[PDB]
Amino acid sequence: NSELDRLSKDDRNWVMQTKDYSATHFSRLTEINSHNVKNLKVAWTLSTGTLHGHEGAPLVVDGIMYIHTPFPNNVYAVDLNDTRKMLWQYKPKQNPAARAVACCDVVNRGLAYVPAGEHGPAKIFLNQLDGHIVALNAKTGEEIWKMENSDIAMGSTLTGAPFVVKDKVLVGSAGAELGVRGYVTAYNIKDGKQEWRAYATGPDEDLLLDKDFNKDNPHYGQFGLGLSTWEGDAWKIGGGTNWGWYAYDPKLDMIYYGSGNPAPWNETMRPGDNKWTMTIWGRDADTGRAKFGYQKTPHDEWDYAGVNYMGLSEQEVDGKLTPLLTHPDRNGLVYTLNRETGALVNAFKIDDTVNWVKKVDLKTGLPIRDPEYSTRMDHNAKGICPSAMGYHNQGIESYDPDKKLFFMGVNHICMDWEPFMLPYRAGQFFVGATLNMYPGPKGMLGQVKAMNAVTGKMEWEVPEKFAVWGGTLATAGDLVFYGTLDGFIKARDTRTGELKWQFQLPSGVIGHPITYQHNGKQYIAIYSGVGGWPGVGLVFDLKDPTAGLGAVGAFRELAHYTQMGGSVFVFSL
C-alpha cells in the first residue's frame, strides 16, 4: 500500500507493528538520545482493563493512538490531545472456549491500519483469538466487516497481527501444537472477500507456487515436496502455521514471512523433510504465489517454529549493494537471504552454544545435523541448544542503517526432550513430547546482542536475567530500547551496549517499544503485562516443571519479580 508506506516515513506515526514494510524498528528521532535518556520520565499511562500477556504495541496514526488487549481482544482509540478519554472502544464477544486451545497464553500481537482510499474510510484491523478478522473504522470504531478465518473447534486460533499490503489484509494461523495445517490468507480490505490462501504443506495447488518457484535456487526443492516429504496423509495435520511477522518490498511486490513447526512435536510419527514447514517464503502480493521458499529446519525435531520476524536492509555482499532479508530463527541461526532471488548469503549462530546443527553449508543450503542432539522415540535427548523456546522468539527486532547493525533480544535456554506416541483428535492438543528446560551454558536466560548480519560479526553482547522476549526499538539517538520479563524498560547505547537508563514498570514486558512525535515532542510507549510462553507458569499457576510445554521449570523464578498486569506507559523528557 503506497499511502501506508508514505505514512510510515512520517515520524509522527507508527502505522504497523513492524514500523514500516522493512521492519526496521528504527526511528530518526533524536530528541531522546544517549546523552539525555537518563532524564526520561513517565508522561502518562493507560490501563488496558485486562490481564495476561500484552504482545505487540500501540499504533499511532494522524494523532490517535490505538491500543489492543489479550483475550477478548478489546480495542480502543485515544486522541493524543486528550489522553485521558477513550475516543472509541470495540469489545468483542467471543466464545470463552477459545482460551482452552491457545498453546501459549491468550496473547495477541496487535492491530493493523490502512488509510482511507477507494475502499472506504481508514480502517483498523484486528485478528481475534476465536479466528475472526475484523475491520473497524479507524475514527469511529464502527465494525465494517468480519470474516471467519480459523475454527477453534479444530484447535485453530489467531494470535499474529494482520498485515496490510495494497488493497489486501493478510491473516495467518496458529495451532500447530493441536495439529493445525498452516495457511495464510489475503482478504480484500473493502469487503473482506478472500483473494487467495496459501497452505504450508500438501499438494502444490494448495502451497500456491509460481511456475518459476525456486528457479534461482532449485537445490532448495521445487515441485511436489509438500506431499513427497511426508508419508501418506500426515501433511493434513502437519503444522506450518504462521503466527509471526511479515515484511514487504514494494519494488519487487513481494511479501516475506516464515511458516512454523511441523506437528506433532514427536518426529518419529512424521518421517520426512516435512516441507514446507519451517520455510522462509517470498510470495507475490497479488496472487500469493511463491517465488522462493527456503526450508531452514528440514524434519524439525525441536519445535524451532520458523515464524520469526523478517528485517529488510540493503548491504554490500562481496562488494555489491544487495537487497536483503535478515531473520533470527528459533533454531538459533541468523539467516540473511537475497530478497529478490532467495539466495542464501549467510546463516550464522546467534550464540556459539547452538548444537543441533554443526553449521549450515552455504552452497547446499543444508544444515549439517549433529546426531548427538537429535530427538527420537525411545530416547531422552539431553542438553540440546536451543530449547523449543528458541534462542529467538516472537519479538520484532531493529536495524540501524548507519551502523549496519541489528539489535536483538536473545534467549539462552536449552532442554532435554523425550517424545511419546499419541493420537490426533481434532480439537485436542497434539504435542507428544515431554521437556525440561534450563539456562544455556553461559548460565543466564537472556542476552541483548548487536551484530552485522552479512558478516556475522558480533559488535557487543550483554547478559540479561531473563530471556529478552519482546523485541527492540533503535534510534538515531544511539539508543536501543527494550522491555524485560522481570518488568523493566531499558535503554542501551547502540555503539557499546552500555546501559543508559532503566525504569520499573508494573509487570513484565512481552511486546516492543514504539516512539513517535506529537506536537513537536518525542514520546516512547510500551505495554506492561507479562504472559506468553515464559509467563505460562505464573499466569496459570502451574508447578510441574514439565508443564506449559516445558517452560514452567525454566521460568519458575519469574513469579518472584512480576505479577500479571495490563497497562500502557508513555515516556518523554
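Numbers for residues come from their place in the sequence shown, where the first is 1.
A.B. asks: Once you work out the mean C-alpha B-factor for both 372 to 380 and 123 to 131 from the entry, which is higher?
C.D. replies: The stretch with the larger mean CA B-factor is 372 to 380.
A.B. asks: Averaging the C-alpha B factors as listed in the entry, name the stretch that ends up higher: 212 to 220 or 67 to 75.
C.D. replies: The stretch with the larger average C-alpha B-factor is 212 to 220.
A.B. asks: Could you tell me which one of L542, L505, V42, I524 shows the highest CA temperature factor in the PDB record?
C.D. replies: That would be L542.
A.B. asks: Between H392, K490, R109, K442, where does the Cα B-factor run highest in the record?
C.D. replies: So the option with the highest C-alpha B-factor is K442.
A.B. asks: Using the B-factor values recorded in the entry, state whether the Cα atom of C103 falls in the lowest, middle or highest third among the modelled residues of its chain.
C.D. replies: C103: CA B-factor falls in the highest third of its chain.
A.B. asks: Could you look up the Cα B-factor of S27 in the entry and say which third of the chain it sits in: lowest, middle or highest?
C.D. replies: Ranked within chain, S27 CA B lands in the lowest tercile.
A.B. asks: Of the three thirds of its chain by CA temperature factor, lowest, middle or highest, which one includes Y256?
C.D. replies: Bottom third by C-alpha B-factor.
A.B. asks: By the recorded C-alpha temperature factor, relative to the other modelled residues in its chain, which third is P58 in?
C.D. replies: Ranked within chain, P58 CA B lands in the lowest tercile.
A.B. asks: Rank-wise, by C-alpha B-factor, drop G548 into the lowest, middle or highest third of its chain.
C.D. replies: Highest third of the chain for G548's C-alpha B-factor.
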